[PDB]
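[1] Just need the structure, nothing else, for what follows:
(3 chains, ligands or ions: 1)
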Amino acid sequence: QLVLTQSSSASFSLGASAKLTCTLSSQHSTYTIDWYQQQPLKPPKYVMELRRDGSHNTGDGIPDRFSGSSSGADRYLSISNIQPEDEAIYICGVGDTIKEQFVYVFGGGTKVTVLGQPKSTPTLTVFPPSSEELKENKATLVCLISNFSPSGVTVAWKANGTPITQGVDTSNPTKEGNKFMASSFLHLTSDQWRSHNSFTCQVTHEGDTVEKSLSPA
Amino acid sequence: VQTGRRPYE
Amino acid sequence: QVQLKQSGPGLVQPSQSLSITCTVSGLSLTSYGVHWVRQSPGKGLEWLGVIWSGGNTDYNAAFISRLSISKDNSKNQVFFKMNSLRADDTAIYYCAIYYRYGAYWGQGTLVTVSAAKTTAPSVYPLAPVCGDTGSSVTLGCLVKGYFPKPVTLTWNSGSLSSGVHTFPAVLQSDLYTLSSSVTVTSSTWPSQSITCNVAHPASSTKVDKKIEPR
Ligand code: NA
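    Numbers count the residues shown, from 1 in each chain, chains lettered A, B, ... in the order given. Next comes the structure:
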């Protein structure tokens, strides 16, 4: 079988020099491969063609700090002075003729994490129900959480100071530049909204809780 | 030596 | 420059067909092969097939029984067709064109394989809370209870793009909810008009919501 093997993840300190490995199947150790860089839910970007003597051709928009090398079945992508912008999934690809037919295969991808970045406290934006939603006898509370780093957050809602869990609808954090974004919604009836004194969206990030409140008043 | 197939022509 | 533009519906009922067109501008398909690739949530890239410049094809063996790729050179279009879709055919699908040394990519077609009904979103403008004074102001748009993904959300038909944060949809009880915010200076709004534009191709709905001070 034609198989590319990559570790699923790898971690490097800011400014360090990083090396990623892709290993070809033994009977295909002389093969030329492609490296790609991919952001979540986006088309991959072509990084380079890498041949068995370790020579390579880099694609457009790839900076000088990326280069390649080889050692038998191993193909390496090296990034010197690794930047936060280099956080991505890296994937190798290879083509062959197998039983008279063209086949192309991708590796599993390696997720690269760049350690030692500056911390960033979440920005909370809260919105009360629009009067249009209230005319449908409904009420949705919106909590938008942005500009934070690292990606670990927990969101908790409160009504009149009491934790509540019914109607809460929280997303996973997702990447924006080198920061992260998340949203949380609280689905209520207009009656629940109007009968309570306050609601609070509470965000914990690195043992720091930040919070904002909404009132029907 | 076999070097595989390229995705371009 | 070279552009690959994909079109075709993304919602597919189980056992029905998926058709996608890739329209290529800025180069000629008499000279390049076009690959089809897909990525499903946390499952890695799968190569599907290719049509070479001469019109001959090659297919992933796991898909050849239900996959067909053809092209129209005079229109510069490639047609991808896959039959009998199942739940695990849910993915983003991309066309790609390689050259020495690089690749051009389509924008991707988000394909959802589901028997559930199409539901248009309810769109609500979000004005800041009363008592919100500083030099900047944050406005919002709530896009509630739609199916399936994707929705396309813009501000003032694209002519306001700075300070925009669009938060990815959350899914619950089989419906998606999404929000977007825009940050502008206090002197810009409400002196000047700011509208949320929301398009949902699957229900063929386009909605415009003006943000009004509360
Ligand atoms: Na072609």
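[2] And chain C, split by domain according to the record?
    Domain assignment of chain C by curated CATH domains yields the ranges C:1-115, C:116-213.
[3] So the residue of chain B found nearest the ion versus residue C:58, what's the distance?
    Distance from the ion to each residue of chain B (Cβ to the ion) is smallest for residue B:9, at 8.9 Å. (Each C-beta comes from the backbone N, C-alpha and C, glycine too.) As judged by Cβ to Cβ, to the nearest Å, residue B:9 and residue C:58 stand 12 Å apart.
[4] Same check on residue C:214?
    Residue C:214 is 59 Å from residue C:58, by Cβ to Cβ.
[5] So for the two, which residue has more residues nearby?
    Under the criterion of other Cβ atoms under 10 Å in any protein chain shown, the comparison of residue C:214 against residue C:58 puts residue C:58 first, with 22 against 13.
[6] quick one: contacts for that one?
    A:101, A:102, A:103, C:49, C:50, C:52 (Cβ atoms under 8 Å, 6 or more residues apart in numbering or on different chains).
[7] Pretty sure residue C:129 sits against residue A:214.
    Yes. With contact defined as Cβ atoms under 8 Å, residue C:129 reaches residue A:214; the gap is 7.0 Å.
[8] So between those two, which is more surrounded?
    Legend: neighbour count by other Cβ under 10 Å for residue C:129 and residue A:214, higher for residue A:214 (20 against 15).
[9] For beta bridges, what are the partners of that one?
    When bridges are called by DSSP bridges, residue A:214 pairs up with residue A:199.
[10] Test my guess that it contacts residue A:199.
    Yes. Residue A:214 is in contact with residue A:199 according to Cβ under 8 Å; the separation is 5.0 Å.
[11] do you know how far the residue positioned nearest the centre of chain B is from residue C:39?
    With distances taken as Cα atoms, centre = their mean, residue B:5 lies nearest the centre of chain B, 2.3 Å away. To residue C:39, residue B:5 is 22 Å away according to Cβ to Cβ.
[12] so who does residue 6 touch?
    Using chain A. For residue A:6, the contacting residues are A:20, A:21, A:22, A:23, A:90, A:91, A:92, A:107, A:108, A:109, A:110, by Cβ under 8 Å, 6+ apart.
[13] look at chain B instead
    Residue B:6 is in contact with A:32, A:49, A:95, C:98, counting by Cβ under 8 Å, 6+ apart.
[14] contacts for whatever helix or strand the last one lives in?
    It refers to residue C:98. Using DSSP states H and E, residue C:98 sits in strand C:91-99. Outside strand C:91-99, the residues that touch it by Cβ under 8 Å, 6+ apart are A:41, A:43, A:46, B:6-8, C:2, C:4, C:6, C:18, C:20, C:22, C:24, C:27, C:32-41, C:43, C:46, C:48, C:78, C:80, C:103-106, C:108-111.
[15] Could you tell me how many residues sit around residue 8?
    In the absence of a named chain, this looks at chain A. Counted with other Cβ under 10 Å, residue A:8 comes out at 10.
[16] I was thinking of chain C, sorry if that wasn't clear
    Per other Cβ under 10 Å, the neighbour tally for residue C:8 reads 15.
[17] What distance do you get for it to chain A?
    Separation of residue C:8 from chain A (Cβ to the nearest Cβ, to the nearest Å): 17 Å.
[18] ok, now which ones touch the nearest residue to that residue once chain neighbours are set aside?
    Excluding the flanking residues, the one nearest residue C:8 by Cβ to Cβ, 6 or more residues apart in numbering or on different chains is residue C:20, at 4.1 Å. Going by Cβ under 8 Å, 6+ apart, residue C:20 touches C:6, C:7, C:8, C:79, C:80, C:81, C:93, C:95, C:109.
[19] Export the contacts of residue A:6 to TSV and append columns for neighbour count and distance to the ion.
    Formatted as TSV, these follow (neighbours: other Cβ atoms under 10 Å in any protein chain shown; distance: Cβ to the ion, whole Å):
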residue	neighbour count	distance to the ion
A:20	19	32
A:21	16	34
A:22	25	28
A:23	18	32
A:90	23	28
A:91	23	23
A:92	26	24
A:107	24	26
A:108	17	28
A:109	23	27
A:110	19	31
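[20] correct me, but residue A:144 touches residue A:155?
    No. If you go by Cβ under 8 Å, residue A:144 and residue A:155 don't touch, sitting 10.9 Å apart.
[21] Neighbour count: the two, which is higher?
    Counted by other Cβ under 10 Å, residue A:144 and residue A:155 do not tie: residue A:144 has more neighbours, with 24 against 20.
[22] Based on its surroundings, how many neighbours for residue C:162?
    Using other Cβ under 10 Å, the number of residues around residue C:162 comes to 8.
[23] Next: residue A:36.
    Residue A:36 has 23 nearby residues by other Cβ under 10 Å.
[24] Distance check, residue C:47 against chain A.
    For residue C:47, the distance to chain A - Cβ to the nearest Cβ - is 4 Å.
[25] nope, residue C:138 is what I meant
    The value you get for residue C:138 to chain A, if Cβ to the nearest Cβ is used, is 5 Å.
[26] tally of neighbours for that residue?
    21.
[27] quick one, helices of chain A?
    Applying DSSP state H to chain A gives helices spanning A:131-134, A:190-195.
[28] Let's have those in TSV, adding distance to chain B and mean neighbour count.
    Output for the helices of chain A, formatted as TSV (distance: least, Cβ to the nearest Cβ, whole Å; neighbours: other Cβ atoms under 10 Å in any protein chain shown):
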stretch	distance to chain B	mean neighbour count
helix A:131-134	50	16
helix A:190-195	56	15
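[29] what is in contact with residue A:214 and residue A:199 at once?
    residue A:141.
[30] Pull up the residues of chain A that are close to chain B.
    A:28, A:30-34, A:49, A:51-52, A:93-97, A:102-104 (Cβ under 8 Å from any Cβ of the partner chain).
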